[PDB]
Structure formats: structure tokens, C-alpha cells
Amino acid sequence: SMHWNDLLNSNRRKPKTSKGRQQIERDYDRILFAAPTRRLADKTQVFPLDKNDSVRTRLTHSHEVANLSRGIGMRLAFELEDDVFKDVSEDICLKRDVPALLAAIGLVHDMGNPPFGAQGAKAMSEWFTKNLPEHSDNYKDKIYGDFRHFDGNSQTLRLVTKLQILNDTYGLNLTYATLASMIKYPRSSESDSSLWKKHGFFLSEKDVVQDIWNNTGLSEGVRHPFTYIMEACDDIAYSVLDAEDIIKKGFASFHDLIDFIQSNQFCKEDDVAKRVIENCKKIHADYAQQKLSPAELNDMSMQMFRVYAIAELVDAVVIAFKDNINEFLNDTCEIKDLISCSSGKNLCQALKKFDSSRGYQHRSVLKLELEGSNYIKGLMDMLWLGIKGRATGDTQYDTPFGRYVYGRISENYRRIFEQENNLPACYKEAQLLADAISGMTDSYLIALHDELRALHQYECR
Amino acid sequence: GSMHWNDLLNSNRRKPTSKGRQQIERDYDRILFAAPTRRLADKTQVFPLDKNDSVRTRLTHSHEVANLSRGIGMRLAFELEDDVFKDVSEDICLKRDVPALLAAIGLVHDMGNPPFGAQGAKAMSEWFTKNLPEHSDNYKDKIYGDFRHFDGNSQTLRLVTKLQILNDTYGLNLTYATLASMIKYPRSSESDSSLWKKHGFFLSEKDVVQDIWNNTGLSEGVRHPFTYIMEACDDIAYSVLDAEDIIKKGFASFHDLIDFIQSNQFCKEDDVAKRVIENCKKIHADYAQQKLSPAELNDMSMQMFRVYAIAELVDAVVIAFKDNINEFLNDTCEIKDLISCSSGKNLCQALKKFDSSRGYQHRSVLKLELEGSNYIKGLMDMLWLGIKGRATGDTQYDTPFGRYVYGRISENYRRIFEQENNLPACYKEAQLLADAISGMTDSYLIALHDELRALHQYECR
Amino acid sequence: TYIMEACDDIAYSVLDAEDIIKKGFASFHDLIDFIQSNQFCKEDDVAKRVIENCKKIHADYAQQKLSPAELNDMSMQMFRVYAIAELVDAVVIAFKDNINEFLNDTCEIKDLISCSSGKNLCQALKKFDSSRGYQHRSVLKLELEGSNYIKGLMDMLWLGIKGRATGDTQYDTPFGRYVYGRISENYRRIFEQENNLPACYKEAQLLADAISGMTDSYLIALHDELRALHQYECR
Ligand SMILES: Nc1nc2c(ncn2[C@H]2C[C@H](O)[C@@H](COP(=O)(O)OP(=O)(O)OP(=O)(O)O)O2)c(=O)[nH]1
Ligand SMILES: Nc1nc2c(ncn2[C@H]2C[C@H](O)[C@@H](COP(=O)(O)OP(=O)(O)OP(=O)(O)O)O2)c(=O)[nH]1
Ligand SMILES: Cc1cn([C@H]2C[C@H](O)[C@@H](COP(=O)(O)OP(=O)(O)OP(=O)(O)O)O2)c(=O)[nH]c1=O
Ligand SMILES: Cc1cn([C@H]2C[C@H](O)[C@@H](COP(=O)(O)OP(=O)(O)OP(=O)(O)O)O2)c(=O)[nH]c1=O
Ligand SMILES: Cc1cn([C@H]2C[C@H](O)[C@@H](COP(=O)(O)OP(=O)(O)OP(=O)(O)O)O2)c(=O)[nH]c1=O
Ligand SMILES: [Mg+2]
Ligand SMILES: [Mg+2]
Ligand SMILES: [Mg+2]
């Protein structure tokens, strides 16, 4: 029974330019002009430290997700407006707010992801599992599960709300609609839930999220309706474009993907998959007549595969959203994802399985991921020498290497760490380390690791 | 004989899905999903091969320009519609077409820029000056001036029209409005126009551009009105953002920029410059109270200077466009640029001068540009061994190194090179070399140069 | 010799495709699609039988929990068996049918494969190897490197070989004498034999015999060592 008036709340958290621009539009400008958005250009999606420049990075993936979300917003505002946007106040300009909101929401997702992709985050978690023992009295509290089960969504929210500090504790000061629709999992690490398997915000954001809920009609475990659209766009985008990158790299062929989709027990009779396969086969028959090398033929065929699969999946997602709009607006929505409720469920699942089999588990990818895990763990080990004990009071950081390595951390991150709040000291220093590591690009991480290892030779005997 | 918005917003395509998406909107998707768009992430804007991940690259520059153009289009369509768009048929929806058209035009504006920035292009030109001598009868014709004065816009047009070939001769098959608006300088190298100092297309596109004009009501010399918007957005988004990058790199300080603007002869009494300086000083006074390092203070002061300057310049550009819309719609418009006819001319010119003084002409920048020039010239010398004589008939390319080098060139560019047309053979060879080199990223160019130099050790004797 | 040529063609056409699949340059389904989409193998009975048997075995193989690389490897392991058996049987049948023509004093048969029922499958496999195995980035780069190595080594050896038989004493430089001493003694012994061959022909034959007999690693090592030893005379 949620109302679109509060779901599209244009107010901002900071207590009270902008010439001919809605506040939601200004949120997109704030997100785009932020340093983490630019740093996304050197964060891995699937293949780390890739030499090929046509393979998706985190920034290109984010922009493509934003474009897909903006297209869905265009299809929802200029069309089907009377079907999903019922009982909306006249002051709200849907045609300008909804597409901008979806585009900004898609762009801002994966902003806080750690370097080296998902396997990077695991590495961080593993470090936080060893250096923050659960049996230890200091870290026995379950709030430290924010670090032992580290994920990029909570870091994205922290970055957009606290880390991007200029002179206030409100970060980028995004609108309530963007902050509400940015939370992919409305639950904390301490809270237990079966609907969501991942925490969506840190303990430090627990009040902030509450504020957002109080200003949007949401609550714990209830997602903003546009969060489902953003998640569906994210899934579609990475599932298709990772397959494109795999085939372009040469790890697989276009016929390999076609045979995988055809032989999948779920896509064998799926109408969307059948239509996509038929169109791709029809275009590939025409393409094969040209005098092309096999690699060029594969890339040409999979560009049309991109077009057809993206169009079909986006249409299915829009239809599913329009059909289940009442369910999404319910105060007790239980939908896991928009893709599962659409007809493109089987095709997306098959694409994800193909990306896992021929992608993530490739030999070069695995070796690069092990190297990145070693780099990340070494960097966190060296940073902990300068971070640990700074907030509790123990002066183990007073060594020259500790002081220098504390000086190498982000200044705004240290300002947030040096703030006076109710967070426990160990949580504060662990959060500082998590922010520092997750804010780094791959190349910056390698360079800093090498430099600090060179500078650590004396204190490491 | 003023042009009409019906012809200027022509959504037809050159070639003789689409579920709820306008054609101009689909042009943005075609541009964004194109490989060169994401290859722009590794092409220099000002600082070549910069280790700082926050310094703007060509992709971030293009995205910022696209966002600014989309904002201006939103202002033009949603707000200033009755005074800017007149006698517009109901078939074209301005609210969806104009913002999308401007966003696509801004995103595509620097797709074909050569590696290592403008200086890199200069390097290419220098090589084409030596290896295609004017006194030689083979290259005596003025058409080869397309290569002696190589520019990124000419390469971008042929990239979006011919180089992105799958099975057509129409490239990405963009709409006529998108193709017309992307032509920054509507003149060829052979043509002698005093209005435009640079050619905007090669001889190979001489027919194609003509077609665009025939379908848009334009002509040689006259420029699409939205191209002025794109040029103004590009100028603003590089003038401000390059200054921000200069401050971030440590080459200058916030007070340095403030003093440069205040001491500027034209910005001394400029109202826009005075307003920007006053607002920045007011914010910086509050910012200086907090315990901050000088670098962080400069960074977060420039973070507000960027917001204020971008807002003021965008508003001034929109006002200038609205005031002079009749002149821009004239068949014989003579306006050089939108910035110069606006109230933000002085501030933008001063920012460009500041970037020239502090950003370029810097020791590290100059050294890196010389290294990039050497790299580009060596790579082009190596590729000319495998390219020269391929079309004329001279079998000097038949050495094993020449065959391998030809095989290392992009298959799309080779496919376009081997097409049957009326272009001169020497022109085709030089165009193949220019297309191969201009599309490379910096890292790819360095890697290919090193690998081919290692492989050339025998034939170089 | 026709039997040998047919066996050579079969044993490289099938085994090079297997090597292509093993290296990861292509997949088993890629080869199956290439054979099925081939113009001549579209209706070839031997190709149809091989494809059907391979598909039947691969359907059973795909049930087990396997990585894609292992599935491709063990599917091509059965494709090799089926294709080799069919091609060998076809070659034997063709030889038996045309034995009288092969025993003719003026036989004109180009090859045993082309006159057999396995011509289309072998030709398609050769085309697949050309498309995917050769003309590959790594293969082309390695071949260019090998060409440079071979040409440099032959240039270095020509300094010690040229003029040895004609009479021109341009080989008498210390590098030339050492290079000649580094050539195989069997090939030098054949080169120094007295016969009616032209002196230039003998010198070129000595160089060709010396170079063609080298392995790849030996060629690289000798090229590097002689290039290091040639730094003075190369000035
Ligand atoms: N190299 C490598 N890449 C992976 C792996 N797993 C996933 N990826 C890729 C696929 C995606 O583009 C991205 C993972 O997607 P996300 O982490 O953003 O999913 P998230 O849990 O945030 O929410 P979602 O599943 O989209 O609902 O990295 C892996 O195990 N190894
Ligand atoms: N390192 C370096 N960067 C330069 C130089 N000249 C310009 N840049 C920067 C400024 C711009 O962001 C960009 C050049 O853009 P352009 O002005 O050349 O674009 P275009 O001529 O096509 O149109 P426009 O002049 O902007 O109206 O690189 C230079 O000489 N050295
Ligand atoms: C300067 C820089 C920082 N980083 C990482 C390191 C930190 O984890 C994170 C923040 O460090 P910062 O040095 O504070 O980055 P910034 O000041 O340029 O921009 P902002 O503070 O608004 O984010 O950015 C990189 O990955 N590459 C770089 O070049
Ligand atoms: C693959 C690749 C190409 N390039 C350059 C080199 C060429 O000049 C240009 C085209 O070479 P291609 O390799 O043909 O690029 P692509 O086919 O993958 O994508 P598209 O043709 O749609 O652009 O791209 C890079 O800079 N880095 C790379 O990784
Ligand atoms: C010894 C040796 C020779 N070769 C090449 C170099 C010569 O071209 C060719 C003959 O050189 P030889 O050294 O004379 O070979 P061999 O005498 O041991 O055996 P045989 O004469 O019966 O063949 O063999 C290698 O490739 N690797 C080696 O280790
Ligand atoms: Mg994502
Ligand atoms: Mg530009
Ligand atoms: Mg053989």
C-alpha cells in the first residue's frame, strides 16, 4: 500500500544552482562527477587486469546498466504511465524524474565494490575472518559480521552517504528516493532474514537507513520498487555482456553459446530463448556468407545476440514489473527478483551458468584472482599495522612505518574514522581498513602493495 | 530559407526490437555499446598514462559532455519548448528525442580521437607530412591533406558511418539527425571555408555527408544547431574538469585558479566570473575552518568551484541558444560558437588559458607527449611496411614482417580497406594506416610498438 | 606411396584438430558445426555417420559432472577414433577398388583420399585446421619468430659456407672457420666429396642440409650463440 509520493521523495537528508533541474536529476550529476565513479574505470567486472580494452570494466558495466534502467524508465513514464503510476501528485514530473532516478540508481550501483571483483571481496572477508577472530572477545559481537561477510552494497551506501564528505556528515546529499532505491538488501548484518541472504548496510549506516525509511514509507526487508528494476537491469547487463567478453576473448565461440542455450534443460522449451536463438541463427546464416575469419564472425554474430537478448530480456522485465506492480507496492512484498517473475528467467539463468563455466572458472582468471587475493591480503596486513589500536588506545601504530602507512590512507576516510560517534573503536578501525581497501582500483592496489612492501623491509626484519 | 525542425530532427536512417524506444534513443544505445566508446577509457584527455584514477580520461570526458548535453536538452524540451521549437510535427516527441539526441551527440563527440590526445594526433600529422610528401606526384593532390592535418572528428564520423561494419556499408546506421549533429565542422579538406578552420570529414565520406545534408536540409558550411550545444558542452566540460585535474595532480592550487581568474583582463569585470569567484570564496572560507591538509582543502574547494562554474556556464549557454535560436536556424548562420556569443565567454576562455599554462606545457606532460609521439611515429613506420603498396600493386609488403603486420591490423579496417570503391589506392593505404592507429588506446599502442619492435630486429638489420 | 600419403593426410588432419581443441583454440561443438555446415560434408555419408556417432557419445558424456575443457577433450578423443576408423576403411576400400589403376605404368591418380569416400571429411578437417589451427595469433607470431631465427642462422652460416667450393677465400675469417666447424661433420663430409655437382650447388646443398636437420631448440640455441660470437665481425 506504498504511495509513489513518498517513494519518489525528492527531499534530501541535510536540513535546508539547480536552474531548470529536478533534484533527482541533480543526483545523477552528483554521482557521475564523483571520484569513485571515475575510479570504477579500473575495477574488474570478470577478468582482472585485462589487456583487452573492449572487455567490460566496472565503469562501462555501470554505465550500460544505467542506460538500460533509463530506457526502462522511459518505457514506464512516457508509456504505461496509467498502469504503474496511479495516484501520483501533480507536482511530481514522472517523465523527467523516473528515468533520471533509474539511470542514477543504475550508475551508482557497484560503486563501492572492492578491487579484483567479487573474488576480491571474498579475499577481504577472509582477511577479516582471520584478523578479527569470532572467538576473540573484542570481535565476538555479530556486528563485525559486516566485515567477515564484506560486500560492496553496504560500501556503496557508505560512500554515497558518509565517505564523500566535504563539510557535513551527509556525504553526497542524495535525495531520499535515490537512497531508498539504492538499498539492494533492506537488512543489517545483525538482523536475520530469509528473504535476503546479504546485508545491505553497515552498522554505521543503521540510523541513516532508518531515516531513509522514515521518509519513504519503507521498512526493514522491504525494497523500493525501482530496486527490482535496477537489479534486473544489472543481471541482464552482466549476464549478456560477460558472455560477449568471453567470446571476444576467445574462451568460447558463438556456436558454443548457442549450443549451451539450446541444450539447457530450462531453455530447451523457453519461448524467449527460442526466439533469441532463431533470430541469432538467421543473422548468422547471412553473416557466414561474408569472407571473415572465425573470430570476426563470432564477434559479429554476438553483437546481434547482444541486441536480441537485451531487447527480449528488457521487454520481459518491463512486462513483469507492470503485471506485478501491485505486489511490489505492497508493504510486505516477498518477490526475490524481477527476472524470476519474467519470461526471461531461464535465458538469464542459462547465460549466468555459461559465464560461470567458461568465464570465472577459466585458468587465467583463476590465476589472476589468486594473485589479486595475495595482493589484497598483503596490503590489508600492511595497513593494519598503522590502523590497529589507533581508536582503542593501544600504541602499536607508533612505529614509523605505521605512521607513514596511516598517512597513505585517504584523507576523507581518516576524517570519517576520526569522527566522534557511538561506534566501538575496533569497529571504527576495521571500517577504516575496509573503506581504504574497497576504495582502491586494481592498479593502485598493486602499486601501493609493491611500494609498502619495499618500505616494510626493515620492520619485517 | 530557414531550416525546419522536422528535417533537423529526422529519425530516418541511411540504410534502406525497437520495443517502446525511439530511433534517436536507440542511437544512444548503439553508440554506448560500440567498442570504441569503451576503448575511450584508455585514451588520454590531457595527462597521458596518468596513474591517478580520478584524472579524467576520454571516456569520462565523453560521459560528462553527454550528461551536460542531456541536461541542456531537458531544459530545451521540458521548459523552453514554445520559444525554441516551432512548427514541429507531432510524430517526433521532443521530450524523448531532444535529450537523447544531445546525449548521444555528446557521448560520440570524441570517439575517433587518436591516442595520446591532441598532441598524438599532431604526431600522426607530422608522420603523414613526411611519408606522404606534397611534392610527390602520388600525394600531390589536396585530398591527402586529410592526413597531413589529421583530426579526430573526421575519424569519428567514418568510425560511426563505415568502420563499424558488420555486413552493411552504413556502419552503426545512426539516424540522420544524429549524423548531422555530430559534424562539428561541415567542410572537407579540399573546401576552403573561412568560417571553419578544420575539416570535418574525409574524402571517403564526401558522398555520405552529402546524403546526410540532403536528408536534413543542411549544406556545406552551415552547421546543425545542436552541434553548437555539443561544442559548448564539450568546451565547458573540458575547461572546468581539466582545471580540477590540474588542482588534483598538484600542479596548481585553488587560490592559484582564483587569482588567475581575478587577475584576468577579461574576467576582471565579468559578472559571471565575479559571481563564481564570490561563491567559491564564500564556500572556501567555511571550508578552511575545519582541520584539513592543504591538498584536501584545495580538492574540496575545487569540488565546489566545478559545481558553481558548470551551473553558471550551462545556464549562460542555454540562454544564448534560446536568444539566438532564429540565427542558428538560418540557412547561412555565421556564429562561430555558442560560448563566444554567451555571457560565459570570458570565464571559459580564462579557464582554457589556465589549463594551457598549468596543465599542458608542464614538464611531465611534455615529456610524456614526446614519448607518445615517438611511440606513435615508430608504430606507424612499422605498419607502413605492411600497408604500403597493398592497393597500388607494389609487392614491397610481401616480407614476412609485412604480412604479420598486416595480419595484426584490425579486421574491420582491413575489410573496409579491401572494399571496391573510387578512392585512390594511395589514399586507401593512408586511410587504412590512419584508421588502424587512431583507434588504438595508449596501452595497446605501447604494447604493439614494443612487440613489433622486438619482432622487427631481423629486417631492421 | 599413395597409402602413405593417405595415412599422412588422415593422421595430421584429425590429430591437428584434436590439438586445436586441446589448446583451447576451438571446441568440440565448433568442429561438429563446421563439419555439418560444410558444403561438401552436408550430405556426405561418412561425415554424417561420424557426426551421428560423436553426438551419441557426447550426449552420454555430458551427463557426468565435467568441466567444459574436459568434456571437449574426451569428446574429441572419441571423434578421433571414429573419424580415423572411417577414413582408414574408406582409404583401404579405395585402394582395393583401384588397385589395377595404381599398378598401371601411366597411373594418373592424384591421391588416394580424393578417390575415396572420405574425401569430403578429410578436406573439411584440413580447412578447419587451416582456419583455427594455423592463421592463429600465437601460431603466426611464433612462425614469424622462427622465420627470423632461420634466416639469421642461414645468413650467419653462409659466411662460413660461401666460397668454400668455388675457391673464393671469403670464408677464411675466424668466424667463418668456427661456423664451418660448427656444421655437422656428416654434411661436411658429403660436401667435400668429389662429384659432378656445381660448386655453388654443393655450397647451397651443404647449407640446406645443415639447416633442415636442426631441431627448433637447437636452431634457437645455435642462432643465439653465433649471434653473440658475431658481434665483432658484424661491427
Ligand atoms: N572473475 C569472477 N567474476 C565473477 C564471479 N562471480 C560473479 N562475477 C562477476 C559477474 C557480475 O558482473 C559480477 C557479480 O555481480 P554482483 O556481485 O554485482 O551481484 P550482487 O550480489 O551484487 O547482486 P545480484 O546478484 O545482481 O542480485 O562479477 C567469480 O566468481 N569470479
Ligand atoms: N596534454 C595536452 N592536452 C591538450 C592540448 N590541447 C588541447 N588539449 C586538451 C583540451 C581538450 O580537453 C582536449 C582537446 O579538445 P579539442 O579542443 O581539440 O576538440 P575540437 O578541436 O575537436 O573542438 P573544440 O576546439 O573544443 O571546439 O585535450 C595540448 O596541446 N596538450
Ligand atoms: C588518488 C587515488 C585514490 N584511490 C583510492 C584510494 C582510496 O581508497 C580512495 C579514496 O582515496 P582519495 O585519495 O581520498 O581519493 P580522491 O581524494 O582523489 O577522491 P575521493 O576522496 O572523493 O574519493 O580512492 C585509487 O584507487 N587511485 C588513485 O589514484
Ligand atoms: C582489441 C583491441 C583493439 N584496439 C584498437 C586497435 C584498433 O585500432 C581498433 C580496432 O581493432 P579491433 O581489434 O578490430 O577492435 P574490435 O573488433 O574488438 O571492436 P570494434 O571493431 O567494434 O571497434 O581498436 C585497442 O586499442 N585495444 C584492444 O584491446
Ligand atoms: C647434435 C645435434 C644435432 N642437430 C642437428 C643439427 C644438424 O643439422 C643435424 C646433424 O648434425 P650432427 O651433430 O652431426 O648429428 P649426429 O651426428 O649426432 O647424428 P646423425 O648425423 O646420424 O643425424 O642434426 C640438432 O638439431 N640437435 C642436436 O643436439
Ligand atoms: Mg552490476
Ligand atoms: Mg571533447
Ligand atoms: Mg606428415
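Order of appearance sets the numbers: ligands from 1, and atoms from 1 within every ligand. In what follows, chains are A, B, ... by sequence order, proteins preceding strands, each numbered from 1. Hydrogens, waters and symmetry mates are skipped; everything else that's a heavy atom, side chains included, is used.
- Atom CD of residue C:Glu145 and atom CD1 of residue C:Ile220 lie 8.5 Å apart, to the nearest 0.5 angstrom.
- Comparing heavy-atom distances from atom 11 (O) of ligand 3 across B:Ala295, A:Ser410, A:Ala447 singles out A:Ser410 as nearest.
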Between C:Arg164 and C:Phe191, is the side-chain contact (heavy atoms from CB on, under 4.5 Å) condition met? List the steps.
CA-CA 10 Å; C:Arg164 186 83 50 164; C:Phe191 165 75; 3.5 Å; yes

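- For A:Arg39, every heavy-atom contact with ligand 3 shorter than 4.0 Å involves the side chain, none the backbone.
- Taking any N or O of C:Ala210, backbone or side chain, at least one lies under 3.5 Å from an N or O belonging to ligand 5.
- A donor-acceptor contact closer than 3.5 angstrom is absent between the side chains of A:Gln164 and A:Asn412.
- The protein non-hydrogen atom at the shortest distance from atom 1 (C) of ligand 3 is B:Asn52 ND2, 3.8 Å.
- Ranked by closest heavy atom to atom 28 (C) of ligand 3, the top entry among B:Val55, B:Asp53, A:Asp442 is B:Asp53.
- Taking only nitrogen or oxygen atoms, main chain and side chain alike, C:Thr215 reaches within less than 3.5 Å of ligand 5.
- Residues A:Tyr427 and A:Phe202 place their aromatic rings such that the two centres sit no closer than 6.0 Å.
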Please step through side-chain contact (heavy atoms from CB on, under 4.5 Å) for the pair B:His255 and B:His284, ending with a clear verdict.
CA-CA 10 Å; B:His255 288 286; B:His284 176 88; 3.0 Å; yes

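- With distances taken over non-hydrogen atoms, the option nearest atom 6 (C) of ligand 3 out of B:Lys248, B:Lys249, A:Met440 is A:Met440.
- The aromatic rings of B:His63 and A:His63 lie parallel to each other, with less than 30° between the two planes, well short of the 60° mark.
- Shown here is C:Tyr134, whose OH atom has more than 12 heavy atoms of other residues, nucleotides or ligands within 6.0 Å.
- Of all protein heavy atoms, the one closest to atom 2 (C) of ligand 5 is C:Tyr218 CE1, 4.0 Å.
- Taking atom 22 (O) of ligand 3 as the reference point, the nearest protein heavy-atom neighbour is A:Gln164 NE2, 2.9 Å.
- Of the possible polar contacts, one joining the B:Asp442 side chain to the B:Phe116 backbone as a donor-acceptor pair under 3.5 Å is found.
- Judged by a 6.0 Å distance limit and a 45° cone about the ring axis, A:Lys388 is not positioned over the six-membered ring of A:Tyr397.
- The protein non-hydrogen atom at the shortest distance from atom 19 (O) of ligand 3 is A:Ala35 CB, 3.2 Å.
- Side-chain contact between A:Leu383 and A:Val405 is present, with heavy atoms from C-beta onward closer than 4.5 Å.
- Shortest contact from atom 23 (O) of ligand 5 to any protein heavy atom: C:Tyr187 OH, 4.8 Å.
- The cationic group of C:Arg188 lies under 6.0 Å from the six-membered ring centre of C:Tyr180 and within 45° of the ring axis, placing it in a cation-pi geometry.
- Rounding to the nearest 0.5 Å places CE of C:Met154 at 5.0 Å from CG of C:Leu207.
- There is no protein heavy atom closer than 4.0 angstrom to atom 13 (O) of ligand 5.
- Scanning all protein heavy atoms for the shortest distance to atom 24 (O) of ligand 5 gives C:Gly213 O, 3.6 Å.
- Taking the six-membered ring for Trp, C:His230 and C:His223 have ring centres at least 6.0 Å apart.
- Protein-derived N/O/S atoms nearer than 2.8 Å to the Mg ion (ligand 8) total 1, waters excluded.
- Counting only heavy atoms of the protein, atom 15 (O) of ligand 5 lies nearest to C:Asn186 OD1, 4.4 Å.
- Distance screen at 4.0 Å: atom 8 (O) of ligand 5 has a protein heavy-atom neighbour inside the cut-off.
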